[PDB]
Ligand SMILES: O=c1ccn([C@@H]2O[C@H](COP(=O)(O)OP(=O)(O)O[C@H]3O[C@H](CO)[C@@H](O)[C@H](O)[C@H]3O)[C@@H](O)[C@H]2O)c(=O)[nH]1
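Just the one chain here, laid out as structure tokens, in the form deposited without uridine-5'-diphosphate-glucose (UPG).
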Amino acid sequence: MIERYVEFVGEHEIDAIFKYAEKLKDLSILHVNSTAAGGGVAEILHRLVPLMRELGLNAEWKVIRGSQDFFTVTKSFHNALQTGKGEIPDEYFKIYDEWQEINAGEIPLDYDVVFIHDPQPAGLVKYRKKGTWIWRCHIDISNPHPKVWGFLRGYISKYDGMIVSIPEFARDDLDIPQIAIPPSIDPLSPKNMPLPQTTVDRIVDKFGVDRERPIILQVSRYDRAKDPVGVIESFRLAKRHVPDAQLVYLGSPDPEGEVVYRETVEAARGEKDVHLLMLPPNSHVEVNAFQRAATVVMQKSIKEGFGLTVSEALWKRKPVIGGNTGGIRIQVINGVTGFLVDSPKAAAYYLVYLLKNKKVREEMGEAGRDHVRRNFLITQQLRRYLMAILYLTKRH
């Protein structure tokens, strides 16, 4: 409930939210993405859409369907757009388009406002009627594979507006409005709520991790973009100087991903104190408990549109060692809320610095929680989302 947020952000932001929502009460809003389970987008929508309806907005959230072929194509597009690299068969474009049509027939699109999340449903804009169409981009499109980008830009050019996570993802080759809105954490979700010590203790012990010794935690999938191998390498460098330290890689189960996990177990071979965990999706309380038991959190991404796991860690007063890329850079303020690093070596250096400097850790943790309170709580994202709808629907 919106009132419960006053203790975090204060009445001014809450009154402004209600004021904006008053001007939108008569609009029908559709959100579309490609998954209702796990990932940053699903986790935002699961908290953001219910808050919209409580404000009395008519907001609906539909998820596309696809074959396993379809998700091979979209995962190759994702990696292409973020890395700038890859070999894309022309067949991939055909499969994408087919599933846009299947999905258009099965999804009524007659809304005043349509939000399409990420590249997977971006092709639905070919079946647009009227209203205001907004492309919500959650990925790094600063330096994309030019063919996958050129194809996807075909569709993006047909939208009325576009939301990116940080301003650095705004494109020069697009002349539609491009609005920077950082994602956010819901401080009252199961992922972020306060837990009793009894629950933290109980969940951390269940996975054989020792609470009496320092815990280094990365929460992320076993994807190349999260660099699980580099995190193990960072940890093995640090272990020479912090012998008690434990590593917990808390992941979720693609054939590329099964190889990454494989390489991670291999890079970890010879270390008892490395825990490569594999939790079912929606293990929110378990992620909460691990983030609260952690001494230091890593998010050593090679590419990251934002990385909610960073704001989650900072909110629980944990310093983060972040990959110097994408939206990690607005969450990790170097020397203040954590350290930005370009290599496993520099990650290792800062792991050792933070594990040996308790007062600095605790102080960065307080600065971390304060940075999230002012910038990355759901109420901030909701206010800016309402402001964007109001702005773009008045241009039509």
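For clarity, a rigid core is taken as the largest C-alpha set superposing within 1.5 Å between two forms. Only residues modelled in both forms are compared. The first residue of the sequence shown is number 1, and the count goes up from there.
Quick note: we don't show the form deposited with uridine-5'-diphosphate-glucose (UPG) bound, though the next part is all about it.
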| query | finding |
| --- | --- |
| Close approach of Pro183 to uridine-5'-diphosphate-glucose (UPG) in the entry with it bound, 4.5 Å, heavy atom | yes |
| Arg236 within 4.5 Å of uridine-5'-diphosphate-glucose (UPG) in the entry with it bound, heavy atoms | no |
| Heavy atom of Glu304 within 4.5 Å of uridine-5'-diphosphate-glucose (UPG) in the entry with it bound | yes |
| Exercise: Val287 in contact with uridine-5'-diphosphate-glucose (UPG) in the entry with it bound, heavy atom 4.5 Å | yes |
| Listed residue that, although uridine-5'-diphosphate-glucose (UPG) is not shown, lies within 4.5 Å of it in the entry with it bound (heavy atoms), from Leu308, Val73, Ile232, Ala294 | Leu308 |
| One residue of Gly40, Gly365, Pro344, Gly66 in contact with uridine-5'-diphosphate-glucose (UPG), assessed in the entry with it bound (non-hydrogen atom, 4.5 angstroms) | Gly40 |
| Proximity to uridine-5'-diphosphate-glucose (UPG) in the entry with it bound (heavy atom, within 4.5 Å), stretch among 183-191, 100-108, 125-133, 262-270 | 183-191 |
| Neighbours of uridine-5'-diphosphate-glucose (UPG) in the entry with it bound among 235-262 [non-hydrogen atom within 4.5 angstroms] | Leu250, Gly251, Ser252 |
| Residue among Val259, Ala170, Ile88, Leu276 with C-alpha shift of 2 Å or more between the shown form and the other one, core superposed | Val259 |
| Regions shifting between the shown form and the other one, defined as 3+ consecutive residues whose CA atoms all move 2 Å or more relative to the core | 254-259 |
